Amino acid sequence: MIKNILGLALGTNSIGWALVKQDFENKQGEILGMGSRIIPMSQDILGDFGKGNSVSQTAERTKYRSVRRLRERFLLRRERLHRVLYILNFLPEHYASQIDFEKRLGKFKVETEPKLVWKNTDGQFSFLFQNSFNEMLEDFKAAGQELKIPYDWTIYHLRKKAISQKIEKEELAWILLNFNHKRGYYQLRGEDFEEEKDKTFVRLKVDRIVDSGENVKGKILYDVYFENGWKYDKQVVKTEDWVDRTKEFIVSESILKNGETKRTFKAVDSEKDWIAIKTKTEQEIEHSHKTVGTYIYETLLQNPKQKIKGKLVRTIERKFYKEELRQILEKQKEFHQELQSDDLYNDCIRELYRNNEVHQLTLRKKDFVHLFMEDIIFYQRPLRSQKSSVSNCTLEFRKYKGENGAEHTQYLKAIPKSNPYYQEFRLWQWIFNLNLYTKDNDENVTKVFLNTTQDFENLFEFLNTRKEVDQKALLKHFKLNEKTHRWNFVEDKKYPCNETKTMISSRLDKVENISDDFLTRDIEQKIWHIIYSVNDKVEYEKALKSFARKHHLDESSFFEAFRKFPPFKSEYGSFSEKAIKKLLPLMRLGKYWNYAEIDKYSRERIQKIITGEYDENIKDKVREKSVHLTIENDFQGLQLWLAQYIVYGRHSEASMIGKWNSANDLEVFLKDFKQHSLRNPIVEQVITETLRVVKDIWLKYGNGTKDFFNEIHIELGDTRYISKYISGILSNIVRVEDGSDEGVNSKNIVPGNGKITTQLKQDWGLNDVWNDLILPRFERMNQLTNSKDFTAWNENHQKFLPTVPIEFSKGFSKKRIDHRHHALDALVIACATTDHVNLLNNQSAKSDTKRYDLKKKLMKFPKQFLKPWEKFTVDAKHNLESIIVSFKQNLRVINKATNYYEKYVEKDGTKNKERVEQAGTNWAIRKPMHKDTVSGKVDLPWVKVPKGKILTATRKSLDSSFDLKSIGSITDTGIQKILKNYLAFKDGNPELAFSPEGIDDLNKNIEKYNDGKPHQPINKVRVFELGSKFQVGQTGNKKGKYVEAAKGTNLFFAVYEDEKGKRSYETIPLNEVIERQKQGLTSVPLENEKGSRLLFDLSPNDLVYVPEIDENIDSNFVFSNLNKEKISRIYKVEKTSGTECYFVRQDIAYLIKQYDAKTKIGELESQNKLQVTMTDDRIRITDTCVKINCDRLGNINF
DNA sequence: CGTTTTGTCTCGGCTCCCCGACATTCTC
RNA sequence: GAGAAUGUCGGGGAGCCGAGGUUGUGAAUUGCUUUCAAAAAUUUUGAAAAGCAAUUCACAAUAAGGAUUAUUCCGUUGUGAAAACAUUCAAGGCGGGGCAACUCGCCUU
DNA sequence: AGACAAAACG
């Protein structure tokens, strides 16, 4: 009779919901509720997630965290270097005097920026190494270049000198810190590739392109030849860009089995390709037969103008730096007795590892070279263990009681698929599944070649000795042939065949000098564990040697065979090793099967089932299936399902169906939901918000009572992911426990389709209602454009229908320009019965009669469907006209964070490493505090700076976007003179003057554009801006960094009112809000400077009501008589700046037309949003607006 | 004051866990 | 419909590293402007200082900040009034692995 | 590419 129907329409970031109480038989019913919950998401994300580009806040957070981690590790390395050098007494006194060695070990003292080589005496800075600079000057003079060079170039002179001569210890400390700065490229695993690994960057010139008589696509493909005598692997067609062209590749050469090089090719571009640049730089360094430091020094001697950082040597292999540092340290150890002292080395070890005795003892066997290179500077941590994230077994659990007097479950991790147990398990399954057929007649020729246990044992033995089986091999084993039979499985596919044991056996046969019985099952497992667990080069080699020593095997060929074992691919089965060990005895047969190897419980169940007795743990389906298992010996070679049941007592997964008896169950499910459990954050957010909305609807309209929702209909309209998951979750609310409703989804869940929705909307008149609803916007557009092209008259209906001109019809949609249509969709989905979906999905009737009943019951006479009730259209219009869209807000600023860090704790007279919690109140800022770009503060006497504003400058590349207006924004006036002269010389065309060729020409002949006076080359210039930027911080040089508020951080907009009644508006910066919230105060000050009391604060997505011009809303309240007129005056905050707040009418989702600078028209002017009302009154919203509060269901919380 | 225009951090490598969609064989 | 095995194509998360850029300190060279402060004929040449830079080098900071002395970290994710949490999380035993720290397994509550 | 935040423009 009376049925409560909940229709849901789920979008990318929208949730339309409708609740109706329908009685279809009597054509009665009513709409209980409608609404649309919006999850604000910029169109950038909506357009990006379709293709996908780091579309995740979590990803950005992780990127920032990784950058911070690298920075922190560099700082820690510097601090440890400082401590070690201080103990060694290598730091200069003035430099060490400003470093803390008592409390903040190795850190610079607060408000100091010491430099190792610049000594400050009474405000004058002096270079520290004068003699080295003089020697460098002698070098340059001998090179005949100049004698005026920067002092800090001495670092490279020292680096070259340190290789073969004594240098001062302070210079050595400088070199060590510089080495710490730049570490180079290094891969943790390593695995030196093909011995040749040519990977040589070469530049080759094409000699001729011999059309190789290869006509393809109506054109003869040409080959290529190079002066060296090489032929390009691929053919060429466009000869214009290949004829005598000096192209560059990365060629890889491999000595093929025949005994020749298999040279490949890979076209690259220098100064654009990472690999090409790296290889070219490395080859240049190598060909000089000199260290990287010496290479840099000599290049700098040749060309003093050369850029080093970012131009000459960018990323290179860490081996170069390591070799140079090793050479320097080895040479300098001969001269400085401090590097030979054991007492000082022990002191340094104690300083660094005062609490790690094991590491101290390990280091006591090394020297300073190892300490500086391997321990401090070039130490790279290994990857964190991921084995904690491995899936759990679905069968085997363990139960234990914690200190809280409870009993909870520990899970068993799944088995790696490289484990021999898994290999045998899979092999037995595959053997049982196999069956043969004959080509001619396609008959089950099996049961004739695999009938007795002997045949199965023969097949199992044949398979074990392999790593892969195919059509031909399997057919041959039986002596059969391809010309007469087939193996059911794909006729050209291969299957894994116990590869682990194969590989181990092959690499153990290659060792020779061992009897052909060494490899047994236990040895196989031990070797597999050695290979799988020790994933580190040195560790792996030591483990291999130790294994070859414990077992009397020659560790010369063995190590060589097993030193290049390919690591096992990362993959895990469904079950754990315990479950597989339990199941295998059942699955084995023949000589591999023995009764004593079945666990006690399984043997008991076998005894019970053979006895035919009664056990509550044994189901009747069992005795149906295990009828043939009369005797104990029948329990051989059982397929996975049977053995799984026998061991565990459940016929695979039976599910639970479940039933939620009140809203509390849904609340618990929401509470226990785990983040990152679904495909992507978007669908997870939509789903979770849908569940919250459903819970709110349940509580509001049914008090959370059991079985309130008679039916739930769903629609989506990529997004498909939320089609079945949501249905499965929601089936727990509308399930039936009488047994009639069983399955993945309850029969009360009725997914729809677009066909029914659109057809019903057309037939029920909802399209007319929607068009009448949206018409006034198009009338307003007509008025704005002073035309009549946004509304088209039709005489069949005798009225105006909204329309858009063709030029603005790119992606226009009459439905997408308003949020409320989501609710409308839900309504159509809540009134479409299972009869409607069946009728319009299976309209193919095979006979008019059998579906004529549905046509009569549902369609007026097949023309149109009957309305759900008489006043359905009127009710739908009235309900749509009074919907307040609810928007989700994200106002997180500060949130408590917990920090657990490793530390040595003294317990029971012993130091033990454990995780300690950081004390105090450490907040976490949940918004970006500023933009990345940083500008410096300047004062230009030729620029007027109004009070309250500052000039800030930043470096920009000189390009074609520099005309006179922008040339006038350069802080330097000499550069402005030069650029103006050059631009005038080029007919005032920046496209010609400031192109790369133009810039190079200007730099060549700068004299001519500077009145004959020399100037340095110009590549970048500091452009300034007059505004209000704030300092990043207050400590150190952070006071000199000026930045701007980040996007979407103007979250608070205060509105105050004086005693007179006048209103004042302000925008609270993020930092002030952070401080106020940390202090425990309100986000907005309760009084401004003038002392005006705060009326209220606005945030993005908040809702305000703008009273009519005549209305005097001072203490109105009465927020229940919300007719359409009142709802038409509800606006939503969009953005804020200064004293300006922008609004959009709450129902508007997309503009009919956006704003373009060319035509200069838009629905809401240039900002796509207005400070005033859309109506003709055009009144400032903030002058009379009053805030309102709405819940998820769109009810005003007056 | 009311409106528009402008500018916005960028690129490289490799490892190891999970989920899902679609094919194949087989069992219940 | 559920499950096991074998592949292809996508997505999510976490982790170990690399190279620039920007701002700021110091420096080498060359410029523009102003002021001093001379010499010369309102104009021209010279020293100093300040402001603003350009090319190159070393160095500091790189989300404000808060711990810690472990070769550790927390700060841009989610929930939500508890400014409270999620994203580490028990005990044993029997082994593999290493120069040892530490890492990988199996077994019972 | 998008949309905010603010300088820039009358």
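Here is how names work: the chains are called A, B, and so on, in the same order as the sequence lines, proteins then strands, and each is numbered from 1.
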Name the nucleic acid region contacted by A:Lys63, choosing base, sugar-phosphate or nothing; use a 4.0 angstrom heavy-atom cut-off, strictly under. nothing
In plain terms, say whether A:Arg915 and A:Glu902 are close enough for a salt bridge, that is, a side-chain N and a carboxylate O under 4.0 Å apart. yes
Would you call A:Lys278 and A:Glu317 a salt bridge, using N to O less than 4.0 angstrom? yes
Could you list the protein-to-nucleotides 30-37 of chain C atom pairs, N/O on both sides, closer than 3.5 Å?
unit_1	atom_1	unit_2	atom_2	d
C:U30	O2'	A:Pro1014	O	2.3
C:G31	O5'	A:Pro1014	O	3.4
C:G31	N2	A:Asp972	OD1	3.0
C:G31	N2	A:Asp972	OD2	3.4
C:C32	OP1	A:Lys1013	NZ	3.2
C:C32	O2'	A:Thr973	OG1	2.8

Check A:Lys581 with A:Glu577, please: is the shortest side-chain N to carboxylate O separation under 4.0 Å? yes
Is any side-chain N of the basic residue among A:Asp375 and A:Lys366 closer than 4.0 Å to the acidic one's carboxylate O? no
Give me the distance, rounded to whole Å, that separates C:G75 from C:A63 when you measure between the P atoms they each carry. 13 Å
Taking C1'-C2'-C3'-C4' as the guide, is B:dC14 a north (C3'-endo side) or a south (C2'-endo side) sugar? south
Does the structure show a Watson-Crick or G-U wobble partner for C:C36, both distances under 3.5 Å? Name it, or say none. none
Please tell me which of the listed nucleotides, C:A27, C:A53, C:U22, lies nearest to the side chain of A:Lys1020? C:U22
Given that both distances must come in under 3.5 Å, which nucleotide forms a Watson-Crick or G-U wobble pair with C:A84? C:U79
Under 4.0 Å, counting only non-hydrogen atoms across every strand here, what does A:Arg720 touch: a base, just sugar-phosphate, or nothing? sugar-phosphate
Less than 3.5 Å apart, which donor and acceptor atoms pair up between the side chains of residues 41-49 of chain A and the rest of the protein, not counting sequence neighbours?
unit_1	atom_1	unit_2	atom_2	d
A:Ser42	OG	A:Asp44	N	3.3
A:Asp48	OD1	A:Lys51	NZ	2.6

Answer for the Watson-Crick or wobble partner of C:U71, both distances under 3.5 Å, is none
Is the base of C:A48 syn or anti, if syn means a glycosidic angle within 90° of 0? anti
Between C:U44 and C:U33, how many Å separate the two P atoms, rounded to a whole number? 11 Å
Let's test this: given Watson-Crick or G-U wobble pairing with both distances under 3.5 Å, identify the partner of C:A63. none
For A:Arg318, what residues pass the side-chain hydrogen bond (donor to acceptor under 3.5 Å, both in side chains) criterion, not counting sequence neighbours? A:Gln380
Out of C:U23, C:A14, C:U69, which nucleotide sits closest to the side chain of A:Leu105? C:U69
Answer for the Watson-Crick or wobble partner of D:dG10, both distances under 3.5 Å, is B:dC1
Please name all residues satisfying ring-ring contact (aromatic ring centres under 6.0 Å, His included) with A:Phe673, sequence neighbours left out, ordered by chain then number. none
At 4.0 Å (heavy atoms only), tell me whether A:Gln306 reaches a base, stays on the sugar-phosphate, or touches nothing. sugar-phosphate
Pi stacking test for A:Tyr900 and C:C73: under 5.5 Å apart, planes under 30°: no
Please identify each residue that fulfils ring-ring contact (aromatic ring centres under 6.0 Å, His included) with A:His651, with sequence neighbours left out. A:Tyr645
What's the gap between C:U22 and B:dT10 when it is taken at their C1' atoms, as a whole Å value? 11 Å
Return the angle between end axes of the helix from B:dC9-C:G20 to B:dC28-C:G1, with five pairs used per end and rounding to 10°. 30°
In terms of side-chain heavy atoms of A:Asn922, which of C:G66, C:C73, C:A58 is nearest? C:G66
For C:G78 and A:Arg926 - does any side-chain N or O of the residue sit under 4.0 Å from the phosphate oxygens OP1/OP2? yes
For A:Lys493, answer major or minor: the groove with base N/O atoms less than 5.0 Å from its side chain. minor
Minimum-distance nucleotide (side-chain atoms of A:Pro928 versus C:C59, C:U69, C:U76): C:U76
Any-strand Watson-Crick or G-U partner of C:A47, both distances under 3.5 Å: none
Need to verify one output field. Residue with the more 5' nearest nucleotide on RNA chain C, A:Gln644 or A:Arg354? A:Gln644
Measuring from the side chain of A:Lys309 (C-beta onward, heavy atoms only), which nucleotide among C:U23, C:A58, C:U77 has the closest atom? C:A58
Between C1' on C:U62 and CG on A:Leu70, what's the gap in Å once rounded to a whole number? 13 Å
When you check the gap from the basic side-chain N to the acidic O, do A:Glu571 and A:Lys569 get nearer than 4.0 Å? yes
Once each nucleotide of nucleotides 102-107 of chain C is scored for protein heavy atoms under 4.0 Å, what B/S/- sequence comes out, 5' to 3'? S-BSSB
Hey, does the side-chain of A:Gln918 have a donor or acceptor N/O within less than 3.5 Å of a partner on the base of C:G66? yes
Where the side chain of A:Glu72 is defined as all heavy atoms beyond and including C-beta, which of C:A64, C:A61, C:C73 is the nearest nucleotide? C:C73
Whole angstroms only, please: what is the CD-P distance between A:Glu317 and C:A19? 11 Å
Starting the side chain at C-beta, find the nucleotide from C:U69, C:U62, C:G96 nearest to A:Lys107. C:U69
Sequence-aligned protein contact record of nucleotides 4-10 of chain D, with B where the base is within under 4.0 Å of a protein heavy atom and S where only the sugar-phosphate is: SBBSSS-
Pick the closest RNA chain C nucleotide for A:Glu571 and for A:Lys103 by heavy atoms, then say which residue is nearer the 5' end. A:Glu571
Whole-Å distance, A:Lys896 NZ to C:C85 P, equals 4 Å
Sequence neighbours excluded, the answer for side-chain hydrogen bond (donor to acceptor under 3.5 Å, both in side chains) partners of A:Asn1010 is none
On DNA chain B, reading 5' to 3', which nucleotide is the first and which the last to sit with an atom under 4.0 Å from a heavy atom of chain A, could you check? B:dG2 to B:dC28
Using both distances under 3.5 Å as the test, list the Watson-Crick or G-U wobble partner of C:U42, or none. none
Contact class for A:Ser56 (heavy atom, under 4.0 Å): base, sugar-phosphate, or nothing? sugar-phosphate
Using a cut-off of 4.0 Å on non-hydrogen atoms, how would the nucleic acid contact of A:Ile894 be classed: base, sugar-phosphate, or nothing? base
List for me each residue that meets ring-ring contact (aromatic ring centres under 6.0 Å, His included) alongside A:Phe133, sequence neighbours excluded, and say none if there are none. A:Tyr151
Which groove of the paired bases does A:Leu383 contact, judging by side-chain heavy atoms lying under 5.0 Å from groove-specific base atoms: major or minor? minor
Taking side-chain hydrogen bond (donor to acceptor under 3.5 Å, both in side chains) as the definition, give me every residue that meets it alongside A:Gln1077, ordered by chain and number, with sequence neighbours left out. A:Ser1083
Does C:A101 have a Watson-Crick or wobble mate here (both distances under 3.5 Å), and if so which one? none
Closest to the A:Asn178 side chain, choosing from C:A53, C:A58, C:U56: C:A58
Flag the pair A:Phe432 / A:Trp641 as yes when their ring centroid distance falls below 6.0 Å, and as no otherwise. no
Are A:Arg80 and A:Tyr353 in a cation-pi contact, defined as NZ or CZ under 6.0 Å from the six-membered ring centre and within 45° of the axis? yes
